[PDB]
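K.L.:
For reference, the structure I am asking about is given below.
Residue numbers (the deposited numbering), protein chains in the order written: chain C, 2 to 416; chain A, 2 to 416; chain B, 2 to 416.
Set out below in structure tokens:
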């Protein structure tokens, strides 16, 4: 009876209920020193939810890209790829520019209270751009599906789908039956993955409550004081990023942004809580399929953009760079923010397949200015920033996924 | 001609012939110092047989669980799971209790002849129960199928099968054809695996002869003397475990135990020789399919129980703990055997996915009593036990697999 | 327009054009000290081509061996296997014999100008033959497909194909539909892989130009002088190997060698440039499919022979061993070249699954003579050889692949 009442209750209402009571119970138990208790008792439910959403990432990206490449190969896919790459670079530049502006409006960093403490161990720089651009072609397709590797799986699935499309028009009548068997089996795998992510989103409110309860419990207390200016600057920059870039881009290309948010509420909240833009790829592809977009556009612009397009990470990089520059008391050489913008774009395009990309992206952005992370002062101020990393990480993951959904909708409306 | 005479000869007769001549030639060549010669020459045939049976473990557990979850999902699978978990915990408790009784009837351990020798390097304890209970959900399904991981493969196959069952009743007529293609391909993979394990069991007598020849050659000589009481206590406890637990449980639920043994002779002997309960999973699933049990019961209670239900290991843990307690000359505090029973059950339930589980299970069972494995005396007595590990390991693997077959038959007769 | 002119231009003409201008521009830029510039700028296109051809290696070897084992299992596959193993051992013996003769005709090694320099770190010897012969059966099929392992994939695909062939003749009518679904899906995967390798060979001239430009740029300058005798001896031995073994073997079994070369031009040139005999397996299987050979012969003798049959490596082993023997000024004990021939055959058969097999093959061939690689003089002379390793590696990979194509054609003409 009560289980039937819980299932038949709508999903977005209980997601909001879990979010609100998670924030309340998290701040209350963080205010009273019960951090280790909630960390050992409640956080495993959120870890289970994150692992349940990371389970479906690789089969859905393989299967509904093999069946997603049943579109016209020289006309559609090339134009969609070049348009979505141009879009991703443009919005990353706009996002880091707006982050620089939002950090220049506030004054984050006044007091000098830095002890040396624990410093960063010279964070290892990115591999050369040739090696990362050669990472896209896989040496083994099963070895690319076996551990991560979203970009080699994208490449292999695209090539297999184009080959199957060329295969099903052959003059033979056995090769046609073989290819129409393989395509139907892979399509069945994709539809099974969507039917699973329906039930995972049915489970989602418990994990949302647990995750944001732990986040607002451990790092919900350390946010008051000087770091509140950093949190306010990042969050105001992210909401102004949405309302002044994505709304303008949807009003230019003639789709209602309110109906767009009414659709993408699911993936936006799941990416806000889950704190991993690659771990909400099944929810993003589900909400793109329910938005009325053909497979050959969303199925390629979403898993590509979950690895390249990081807008909220770029805005946090700009705000963190300006906070490090104010902590040491530098003028920061007005006109050299073009180097910050350029390196924030080139770091996103040149750290595609590398795991742990955000840390070395922030490292090379700080290194291009003149504050390398081997200095003890910048390491102390960055360690002071890192205590509230999750509170900024939630919002920047939400904007990182909303960017992908907006770009997919723009390219699909254009084509 | 002679090859046709070898193939058309029945399988159980040549399995018994290979077993008997393997035991005879093993004791003879162990009595005469030809241990290294038989170890280098004859043991590779048994290693080839063990690898041939370990090849079929992961595809059959994936495929005939995806097609095995074509039963009613809320009614059948939940009741089968909770009943088989209750059964496994109950028989593990009964087995370690009977092991304590059988060690208390005998007097294993009289002489104190322990030098320090080579001692155990503080065997690393189990991971926390939250992490092992979170291991069940996989972060990657292909990464769970790629190296071991019977429990994440069980979880992913169950969820995929329930999704396909929900999928084949949809109102669409393309999704139905896609799902009925995928299910038929996976069913073809399962039937191909059973057709392979037929021929592997045809090969099996050479590997049985080689394996038990090496086992009775290297550790068939060190069994006489004081350790013969340990071997007799373990083997009498295992046969009394079978004849006084499984026979009573089959006579309660109304199936003939003699016909049950006449069926399960194949998997019992293969698990007796192969010395790996996970490596005789295809033979166990084949003999459960030939026993007339539907897929939704045997296909889930066998690979789950090949990782959790260890009855013979629990009985050997009880007997080894009592032997360590008699070797140091302790009273062993009558009434504290409840802690031995409780930790032998909780160690089985809390060391599910860990590889090398039996060593750290025995370690924590010895640690809960008051004889931790860092002491030199208990390390010397355990190193004296370890010389006859294979002779006990054969019988305890046989009882470990017969427990799974009995529990599957009980749940299938009930449902 | 120009892209249409590039695509519609024939493939072998632009492959020869890229080869010739690659050799010319490579020698010119190597003569002028522009080695690092061409290494950083042009070599990545060849690396991209090599990775594009290594992508298709594992799915095509799995898929068109599962569908390739739809032949009569006891009659065809056993005779084909034993005939191709006999062929591979015989031509490896002939190749190392002709290498010994060709090194004895020339006089490679006159001057003694060896400093100690950088020496080999006692190159680790091969695993025991039992362990390498047990490597053929996989402990995990998905773990064998996940990283390399051509031989366990061959074994698992053969067993799965024989099981499907036994399955499709069963009296059931659901198992037949399941097996005919699985076989058609795997056949669709194989045909998709061939349709991909068509386009990869369309891309191939850019990679051919880049690869041979870098090879003739870095190690095209160090070839003149004393090492030119080594290069001439190796290349004359390889062309005499082809024209006096493979032409005689095709004229004995009654097929025209000129039409055979007119077919196998594609795989011969791709193996000549790519410098990896396992990385031109899709081109070899494509040219064997276009040569009119049934699947059950080429599909098994090509991926097996890409791991065992190394004829050009055997000839280079003989010539390098004789060069090391002339560098130290030894008589080399006429009549002990039987040990060189025997160890060059047994090293090929006993280092099958090991990665990095050629180095330890040359190591054990040098060790069986009396010049172990721990001596400083032989390490200095081998380090002097290693400067022109690529120039010999191109031709010896070409002969290594032409051996497989010749043996497949002989067994297919016989059967």
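Every residue gets a Cβ at the ideal spot worked out from N, C-alpha and C, and that includes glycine.
1. Sorted by chain position, which residues of the same chain lie with C-beta nearer than 6 Å to residue 121 of chain A's C-beta, five sequence neighbours on each side aside?
2. So, at 6 Å on beta carbons, what are the nonlocal neighbours of residue 107 of chain A in its own chain, with the 5 sequence-adjacent residues on each side left out?
3. Considering Cα atoms alone, identify which of B:361, B:191, B:259, B:377 is closest to residue 116 of chain B.
4. For chain C, is any of its Cβ atoms less than 8 Å away from the one on residue 304 of chain A?
5. How about residue 69 of chain A and residue 260 of chain A: are their beta carbons less than 8 Å apart?
6. Helix, strand or coil for residue 296 of chain B, going by three-state DSSP, please let me know.
7. Is there a Cβ of chain B sitting closer than 8 Å to that of residue 1 of chain A, yes or no?
8. Whole angstroms are fine: how far does the CA of residue 168 of chain B sit from the CA of residue 200 of chain C?
9. Give me the residue from B:147, B:40, B:98 with the minimum Cα distance to residue 346 of chain B.
10. Along the stretch 171 to 187 of chain A, where does the CB come closer than 7 Å to a CB of chain C? Name the residues.
11. Would you please verify whether the beta carbon of residue 301 of chain C is less than 8 Å from any beta carbon of chain B?
12. Okay, do the stretch 352 to 359 of chain B and the stretch 200 to 209 of chain B touch, 3+ Cβ pairs below 8 Å being the bar?
13. Please tell me whether residue 44 of chain A and residue 215 of chain A are closer than 8 Å, where the distance is taken between their beta carbons.
14. Looking at the structure shown, is residue 56 of chain B part of a helix, part of a strand, or coil, going by DSSP?
15. Which full runs of the alpha helix (DSSP H) of 4+ residues lie inside the stretch 148 to 177 of chain C, going along the chain?
16. Write down the C-beta distance between residue 349 of chain A and residue 292 of chain A rounded to the nearest angstrom, noting that I regard them as a contact closer than 8 Å.
17. Taking only the alpha-carbon atoms, compute the straight-line gap between residue 245 of chain A and residue 236 of chain A and give it to the nearest angstrom.
18. Mark residue 240 of chain A as exposed unless 16 or more other C-beta atoms lie within 10 angstroms of its C-beta, in which case mark it buried.
19. Rounded to the nearest angstrom, what separates residue 74 of chain A and residue 166 of chain A at their Cα positions?
20. Taking the continuous alpha helix (DSSP H) assigned at residue 249 of chain A, which residues delimit it?
21. Do you know whose CA, among B:59, B:226, B:218, B:110, lies nearest residue 331 of chain B's CA?
22. Closer than 6 Å by C-beta to residue 161 of chain C: which residues in its own chain qualify, once you throw out the five before and the five after it? Chain order, please.
23. By Cβ distance below 7 Å, which residues in the same chain neighbour residue 187 of chain B in space, the five residues on each side in sequence not counted?
24. Measuring CA to CA, which of A:326, A:344, A:137 is closest to residue 372 of chain A?
25. Give the residues from the stretch 136 to 160 of chain B that approach chain A closer than 8 Å (Cβ to any Cβ), ordered along the chain.
26. Taking just the CA atoms, how far does residue 304 of chain C sit from residue 210 of chain C?
27. State yes or no: is the C-beta of residue 213 of chain A within less than 8 Å of the C-beta of residue 24 of chain A?
28. List the residues of chain C whose Cβ lies closer than 7 Å to the Cβ of residue 164 of chain A, in chain order.
29. Along the chain, where does the alpha helix (DSSP H) that runs through residue 32 of chain B open and close?
30. In whole angstroms, what is the alpha-carbon distance linking residue 125 of chain B and residue 126 of chain C?
31. Roughly how many whole angstroms lie between the Cα atoms of residue 145 of chain A and residue 135 of chain A?
32. List, in chain order, every chain C residue whose beta-carbon is nearer than 8 Å to that of residue 168 of chain A.
33. Tell me which residues share the same chain as residue 296 of chain B and place their Cβ nearer than 6 Å to its Cβ, disregarding the 5 neighbours each side in the sequence.
34. Taking the continuous alpha helix (DSSP H) assigned at residue 313 of chain C, which residues delimit it?
35. Using only CA atoms, which one of A:341, A:12, A:403, A:364 lies nearest to residue 273 of chain A?
P.N.:
Let's see:
1. Position 120 of the second chain, counted from the start, is the residue given in the question as residue 121 of chain A. Apart from sequence neighbours up to five positions away, the residues of its chain that approach residue 121 of chain A with a beta-carbon distance below 6 Å are 374, 380, ordered along the chain.
2. Taking the second chain and counting its residues from 1, the one referred to as residue 107 of chain A is at position 106. Correct list, in chain order: 230, 234.
3. By 1-based counting over the third chain, the position of residue 116 of chain B is 115. Of the listed residues, the one whose Cα sits closest to residue 116 of chain B is B:377.
4. As a working mapping, residue 304 of chain A is identified with position 303 in the second chain. Taking Cβ atoms only, chain C never reaches closer than 8 Å to residue 304 of chain A, which makes this a no.
5. Along the second chain, read from residue 1 onward, the residue named residue 69 of chain A stands at position 68. Along the second chain, read from residue 1 onward, the residue named residue 260 of chain A stands at position 259. No, the Cβ-Cβ distance between residue 69 of chain A and residue 260 of chain A is not below 8 Å.
6. The residue labelled residue 296 of chain B in the question sits at position 295 within the third chain. In the structure shown, residue 296 of chain B sits in a helix (DSSP, three-state: H, G or I).
7. Nothing can be reported for residue 1 of chain A: it is not among the residues displayed for chain A, which extend from 2 to 416.
8. Residue 200 of chain C sits at position 199 when you count from the first residue of the first chain. Residue 168 of chain B sits at position 167 when you count from the first residue of the third chain. So the alpha carbons of these two residues sit roughly 36 Å apart.
9. Start at 1 with the first residue of the third chain, and residue 346 of chain B comes out as number 345. Selected option, being the one with the closest Cα: B:98.
10. 176, 178, 179, 180, 182, 183, 186
11. Position 300 of the first chain holds residue 301 of chain C. No, because no Cβ of chain B sits closer than 8 Å to the Cβ of residue 301 of chain C.
12. no
13. Residue 44 of chain A sits at position 43 when you count from the first residue of the second chain. Residue 215 of chain A sits at position 214 when you count from the first residue of the second chain. It is a contact, given that the beta carbons lie within the stated cut-off.
14. Start at 1 with the first residue of the third chain, and residue 56 of chain B comes out as number 55. Residue state, collapsed to three classes: helix.
15. 151 to 168
16. Residue mapping note: residue 349 of chain A aligns to position 348 of the second chain, counting from 1. Residue mapping note: residue 292 of chain A aligns to position 291 of the second chain, counting from 1. Contact doesn't hold; Cβ gap of about 25 Å is too wide.
17. One-based indexing of the second chain puts residue 245 of chain A at position 244. One-based indexing of the second chain puts residue 236 of chain A at position 235. Using only the alpha carbons, I get a separation of about 14 Å.
18. Translated into the one-based positions of the second chain, residue 240 of chain A becomes position 239. With fewer than 16 other Cβ atoms within 10 Å, it is exposed.
19. As a first step, residue 74 of chain A must be located in the second chain, where it is residue number 73. As a first step, residue 166 of chain A must be located in the second chain, where it is residue number 165. When rounded, the distance between both Cα atoms is 9 Å.
20. Taking the first residue of the second chain as 1, we reach residue 249 of chain A at position 248. Residue 249 of chain A -> alpha helix (DSSP H) spans 248 to 253.
21. As a working mapping, residue 331 of chain B is identified with position 330 in the third chain. The shortest C-alpha separation from residue 331 of chain B is found at B:110.
22. As a first step, residue 161 of chain C is located in the first chain; it is residue number 160 there, counting from the start. Hits under 6 Å: 67.
23. Taking the third chain and counting its residues from 1, the one referred to as residue 187 of chain B is at position 186. 64, 67, 68, listed in sequence order.
24. Against the second chain, residue 372 of chain A aligns to sequence position 371. Ranking A:326, A:344, A:137 by Cα distance to residue 372 of chain A puts A:326 first.
25. 138, 139, 140, 141, 142, 143, 144, 147, 157, 160
26. Stepping through the first chain from its first residue, residue 210 of chain C is reached at position 209. Stepping through the first chain from its first residue, residue 304 of chain C is reached at position 303. Distance between the alpha carbons of residue 210 of chain C and residue 304 of chain C: 27 Å.
27. Walking along the second chain from the start, residue 213 of chain A turns up at place 212. Walking along the second chain from the start, residue 24 of chain A turns up at place 23. Cβ distance < 8 Å, so residue 213 of chain A and residue 24 of chain A count as in contact.
28. Along the second chain, one-based indexing puts residue 164 of chain A at 163. The contacting residues are 193, 196, 197.
29. The count along the third chain starts at 1 and reaches residue 32 of chain B at position 31. That run of the alpha helix (DSSP H) goes 12 to 32.
30. Mapped onto the third chain, residue 125 of chain B falls at position 124. Mapped onto the first chain, residue 126 of chain C falls at position 125. The straight-line gap from Cα to Cα measures roughly 33 Å.
31. Stepping through the second chain from its first residue, residue 145 of chain A is reached at position 144. Stepping through the second chain from its first residue, residue 135 of chain A is reached at position 134. Rounded to whole angstroms, residue 145 of chain A to residue 135 of chain A spans 14 Å at the Cα level.
32. By one-based count along the second chain, residue 168 of chain A stands at place 167. What residue 168 of chain A touches in chain C: 189, 192, 193, 196.
33. For this step, residue 296 of chain B is matched to residue 295 along the third chain. These residues qualify, in order along the chain: 69.
34. Within the first chain, residue 313 of chain C is the residue found at index 312, counting from 1. Looking at the DSSP string, the run of the alpha helix (DSSP H) that includes residue 313 of chain C is 312 to 328.
35. Looking up residue 273 of chain A in the second chain gives position 272. Of A:341, A:12, A:403, A:364, the residue nearest in Cα terms is A:403.
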